[PDB]
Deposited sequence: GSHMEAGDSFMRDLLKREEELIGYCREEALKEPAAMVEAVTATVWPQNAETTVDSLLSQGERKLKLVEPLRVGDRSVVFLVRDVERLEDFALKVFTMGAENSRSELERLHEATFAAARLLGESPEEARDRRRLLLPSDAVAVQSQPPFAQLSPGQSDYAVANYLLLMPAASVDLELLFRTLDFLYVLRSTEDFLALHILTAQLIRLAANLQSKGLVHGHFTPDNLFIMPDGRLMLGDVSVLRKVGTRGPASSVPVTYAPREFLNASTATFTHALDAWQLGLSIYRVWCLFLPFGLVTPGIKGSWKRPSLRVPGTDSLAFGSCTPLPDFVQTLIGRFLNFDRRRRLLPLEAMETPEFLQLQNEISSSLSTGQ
């Protein structure tokens, strides 16, 4: 902590974050309403059964939190447990076909082996608490009552609720840049160090993620930064579909075949992109960054464009941060700086020391 600073900042800007959160629900209002009406058609509570060993629960809707490309995430309450959760609800594409959701379930709940309490108490990876199905309806298959244009699968994922995801934080700062005092700007230093340590955690476990993106990076109520989407975790060096990497977050070397080898350099690249966005809000290299002003429109690195790393339109940033970003964003994948090694560099040691000194 570190974490304490970030916790206090979110509390200070709670009203603003809340405003921007609600603003982003406006465009997909139809989707949000249709999904809400499917899961809570009549009562404020829906009774659900665990697909694992957790038995039966009643989930009360508090409010919608966020919309994704294939989902809506709600804040819900298990009143009997006196516990709030994020509940992720999936729309049916096929992007979330029944088989894809069965596979997502198995990968998700296998990920701890790749111990649930321990991975939970270590607080780097955001693990789901449970997977549930609305009572008396087959799991995975479409949930009734079906609403037009928004079929919902009967498979609901229960997780700890983050305070904010980094994508929403960046969208919030792009609306009103609340960092003004010298102290305020420590937030960007802290997030830079936290992102590096998060990636280093993956490297130490010999795992690759490949979805290390702001919408999967979460500041928790205690200020801890965690990484979600645990189902994508793979052992380093394994092969898999390249399409599973978001295209704007894919290194150039990942855009050349349908199958790819998953390497630590992949996450090191994505780490560089996320640190760049901390200081810049938009992605580097002109890559399209939806929801952010100043973004250009380059669809991916295979489309010809500006390949030199430019910082001119960023918030002014320390030279040691610039250096680290530049090394994480080396186009030569074999020379690309990895995060464990990054933490030993003079640049990281300087970043750490000035944060500790500022917080002392």
Report task. Quickly check which stretches of the deposited sequence aren't in the model, judged by C-alpha, and list them in order. Result -> 1 to 5, 120 to 122, 369 to 371
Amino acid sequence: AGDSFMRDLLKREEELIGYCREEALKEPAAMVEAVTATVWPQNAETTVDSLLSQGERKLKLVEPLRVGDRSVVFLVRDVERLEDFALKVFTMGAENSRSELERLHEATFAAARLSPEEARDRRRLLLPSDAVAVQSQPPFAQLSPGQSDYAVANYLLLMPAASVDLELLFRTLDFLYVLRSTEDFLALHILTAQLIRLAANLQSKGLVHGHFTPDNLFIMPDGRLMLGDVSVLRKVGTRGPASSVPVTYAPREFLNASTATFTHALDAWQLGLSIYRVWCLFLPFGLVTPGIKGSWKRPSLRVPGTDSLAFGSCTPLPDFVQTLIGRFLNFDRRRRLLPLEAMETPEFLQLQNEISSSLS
From here on, numbers count along this sequence of modelled residues.
Report summary line: The stretch carrying the higher mean Cα B factor in the deposited entry, 295 to 303 or 311 to 319, is 295 to 303
Report task. Identify the stretch, either 44 to 52 or 31 to 39, whose C-alpha atoms have the larger mean B-factor according to the entry. Result -> 44 to 52
Query - Top residue by Cα temperature factor, when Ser244, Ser163, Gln270, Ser71 are compared in the entry - result: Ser244
Query raised in the report: Highest CA temperature factor in the entry: which of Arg123, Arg234, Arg171, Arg277?
Result: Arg123
Query raised in the report: Where does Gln135 sit by CA temperature factor within its chain: lowest, middle or highest third?
Result: highest
**Report entry** Lowest, middle or highest third - CA B-factor, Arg66
**Finding:** lowest
Report task. Check where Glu167 lands among this chain's C-alpha B-factors and tell me if it's the lowest, middle or highest third. Result -> lowest
Query raised in the report: Among the chain's modelled residues, which third holds the C-alpha B-factor of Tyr150?
Result: highest
Requested in this report: Using the B-factors in the PDB entry, rank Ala257's C-alpha atom against the chain and give the third, lowest, middle or highest.
Outcome: highest
